[PDB]
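Colleague: What follows is a structure written as structure tokens; I'll ask about it next.
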Amino acid sequence: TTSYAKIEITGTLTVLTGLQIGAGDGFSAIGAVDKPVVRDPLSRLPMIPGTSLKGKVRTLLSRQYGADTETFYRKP
RNA sequence: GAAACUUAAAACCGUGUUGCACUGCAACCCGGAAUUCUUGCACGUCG
């Protein structure tokens with residue numbers, strides 16, 4: 001390629017049904033329910049982490065490549 | 001024997017990512033019981 005490059009991909013992600021990425025034992029004591037969602041610590045906005053997006057796309061691509069080669073991939 | 005500084009000058013310094021892989025996930029009907037019912041003549045009065 002004879003170059004160093006950094007390509008970035010932008011877009012939007014709109015939610016069609018209710019989205020729940022659980023937070024566990026983050027924060028509570030007003031408006032707290034049995035299963036809360038993750039939030040930004042300062043702006044208190046709902047967020048989507050990049051750990052749950054990388055781990056879901058890597059799992060859906062490992063089922064497709066795995067079934068089309070008759071091999072079950074047991075670990076990353 | 002009484003009398004004349006093994007002194008002067010000199011950075012423990014230069015280079016180095018606490019970094020690489022990892023879905024807060026799987027299973028769960030806001031469901032089960034309950035009559036918009038009880039009483040009521042389209043009728044009375046005729047130089």
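We label chains A, B, ... in the order they appear in the structure tokens, count residues from 1 in each chain, and number ligands from 1 in the order shown.
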Using only C-alpha atoms (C1' of nucleotides), find each residue in chain A having at least one atom no more than 6 Å away from chain B; report its shortest atom-to-atom pair and that distance in Å (one decimal), rows by chain then rising number, as JSON lines.
Modeller:
```
{"residue": "A:22", "atom": "CA", "partner": "B:24", "partner_atom": "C1'", "distance": 5.4}
{"residue": "A:52", "atom": "CA", "partner": "B:23", "partner_atom": "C1'", "distance": 4.5}
{"residue": "A:55", "atom": "CA", "partner": "B:23", "partner_atom": "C1'", "distance": 4.6}
{"residue": "A:56", "atom": "CA", "partner": "B:23", "partner_atom": "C1'", "distance": 5.3}
```
Colleague: Under the rule of at most 9 Å, produce a per-residue listing of stretch 25-76 of chain A near stretch 2-20 of chain A: chain, number, name, the closest pair of atoms, and the distance in Å, as JSON lines, using only C-alpha atoms.
Modeller:
```
{"residue": "A:35", "atom": "CA", "partner": "A:20", "partner_atom": "CA", "distance": 8.9}
{"residue": "A:36", "atom": "CA", "partner": "A:20", "partner_atom": "CA", "distance": 8.1}
{"residue": "A:37", "atom": "CA", "partner": "A:20", "partner_atom": "CA", "distance": 6.0}
{"residue": "A:38", "atom": "CA", "partner": "A:20", "partner_atom": "CA", "distance": 8.4}
```
Colleague: So what do you get for atom CA of residue A:54 versus atom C1' of residue B:20, distance-wise?
Modeller: 15.8 Å
Colleague: Based on the backbone DSSP call, show me all residues of chain A assigned helix (DSSP H, G or I), as a ChimeraX atom specification.
Modeller: /A:51-67
Colleague: Output C-alpha atoms for every residue in that selection, as a PDB file, in the first residue's frame.
Modeller:
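Saved the output as again00.pdb:
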```pdb
ATOM      1  CA  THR A  51     -17.070  -4.053  25.276  1.00  0.00           C
ATOM      2  CA  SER A  52     -20.610  -5.317  24.662  1.00  0.00           C
ATOM      3  CA  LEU A  53     -20.464  -4.230  21.009  1.00  0.00           C
ATOM      4  CA  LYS A  54     -17.106  -5.837  20.205  1.00  0.00           C
ATOM      5  CA  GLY A  55     -18.042  -9.020  22.063  1.00  0.00           C
ATOM      6  CA  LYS A  56     -21.369  -9.451  20.277  1.00  0.00           C
ATOM      7  CA  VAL A  57     -20.045  -8.889  16.742  1.00  0.00           C
ATOM      8  CA  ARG A  58     -17.085 -11.229  17.353  1.00  0.00           C
ATOM      9  CA  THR A  59     -19.456 -13.958  18.556  1.00  0.00           C
ATOM     10  CA  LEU A  60     -21.835 -13.628  15.592  1.00  0.00           C
ATOM     11  CA  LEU A  61     -18.922 -13.800  13.140  1.00  0.00           C
ATOM     12  CA  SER A  62     -17.430 -16.847  14.875  1.00  0.00           C
ATOM     13  CA  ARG A  63     -20.682 -18.791  14.498  1.00  0.00           C
ATOM     14  CA  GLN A  64     -20.836 -17.999  10.777  1.00  0.00           C
ATOM     15  CA  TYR A  65     -17.214 -18.877   9.979  1.00  0.00           C
ATOM     16  CA  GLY A  66     -17.386 -21.868  12.310  1.00  0.00           C
ATOM     17  CA  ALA A  67     -20.463 -23.513  10.810  1.00  0.00           C
TER      18      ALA A  67
END
```
Colleague: What is the atom CA of residue A:42 to atom CA of residue A:28 distance in Å?
Modeller: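 If I compute the distance from atom CA of residue A:42 to atom CA of residue A:28, I get 14.8 Å.
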Colleague: I'd like to know which residues of stretch 4-73 of chain A are strand (DSSP E or B) (by DSSP, run on the backbone); could you write them as a VMD selection string?
Modeller: chain A and resid 22 37 39 46
Colleague: For a test of reading the model, state the distance in Å between atom CA of residue A:33 and atom CA of residue A:46, rounded to one decimal.
Modeller: 15.3 Å
